[PDB]
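Notes to accompany the following structure.
Note that each Cβ is placed from the backbone with ideal geometry, even for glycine, and that neighbours are counted across all protein chains shown. Taken together, the values in this text are just the output of simple stated rules run on the coordinates, not laboratory data.
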Amino acid sequence: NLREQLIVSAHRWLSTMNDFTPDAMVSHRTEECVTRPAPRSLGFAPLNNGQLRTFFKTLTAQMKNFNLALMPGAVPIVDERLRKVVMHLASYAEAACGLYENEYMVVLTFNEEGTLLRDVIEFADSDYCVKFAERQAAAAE
Amino acid sequence: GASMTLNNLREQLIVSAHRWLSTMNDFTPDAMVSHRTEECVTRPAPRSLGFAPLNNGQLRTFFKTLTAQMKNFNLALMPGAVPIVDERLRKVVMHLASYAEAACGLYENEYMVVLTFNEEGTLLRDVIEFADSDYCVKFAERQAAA
């Protein structure tokens, strides 16, 4: 059943982000998979798997105990025709300048079998991203 | 008629999602709260913006303010985005861009919206509006300065 497979693959993706190693975080993707941070005002460019893995190499060295979880009451929204899963998520991590806590709407798109990830839209709380960058800059001096 | 067999809830949900967009672009308070169930709320997100949900009456009052302060409003799918439809849950997800003209200049926001419809797919029963919160905060600043 396609709906069940898409949900399994969406939970697997969540699991690989929580593994929080660069190899695990880019696992189970198609060759041409693209990760697209959003909203556009953040100015973060999309990433292929190699660009993403390189970014995670530094991310996983600067943050610890990353956790991604469904928001309370949130469920996977599944479009079987488009092989898409939408999830409302919360993140937590530990940084040099304290705690990181954010909120996201994520759109996952899978291949036609529903077994490999081929697109991610990661729509973050941009106010929090901006504030966190201010915190990092504050620690820089 | 009744003895013909069927092979279209997805198409119905897409029609109602596009109707929601078109009535938003009509940009009158009445149009902007139309085709909703009696208990429907609009839920601003992320939580950091600090806004509680608005019921139909609260939302109409909000839009009376908004339609008095902005001109040439447009709400539309982001470039290249299409509606994402979960027939089982009666949900439609849309990545949207807004445009309007205010006293302080342009209003240009971006959202991920989750519409939930009633079982028949003909009335909106819930909206989550996940906004670009940095833009929201900056636009509040720009408005205060003016």
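Quick look at the numbers
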item	result
Compactness of the protein assembly as shown - radius of gyration and Dmax, Cα, Å	20.1, 77
Cα centroid separation - segment B:79-110 against segment B:14-77, whole Å	12 Å
Degrees between helix A:49-62 axis and first principal axis of chain A (Cα, 0 to 90, nearest 10)	40 degrees
Per-pair calculated FRET efficiency, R0 = 25 Å: B:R47 and A:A137 via Cβ, rounded to 0.05	0.50
Anchor B:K71: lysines whose Cα lies under 23 Å away (excluding residues fewer than 8 positions away in-chain)	B:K138
Kirkwood Rh, Cα atoms: Rg over Rh of chain A	0.97
Test item: Cα-centred dipole of segment A:35-96, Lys/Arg +1 and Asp/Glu -1 on Cβ, debye	220 debye
Inter-chain shielding of B:91-101 (mean C-beta neighbours from other protein chains, 10 Å cut-off)	2
Dipole magnitude of the protein assembly as shown, debye to nearest 20 (Cβ charges: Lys/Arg +1, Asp/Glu -1, about Cα centre)	80 debye
Using alpha-carbon coordinates, inclination of helix A:126-140 to the longest axis of chain A, degrees	40 degrees
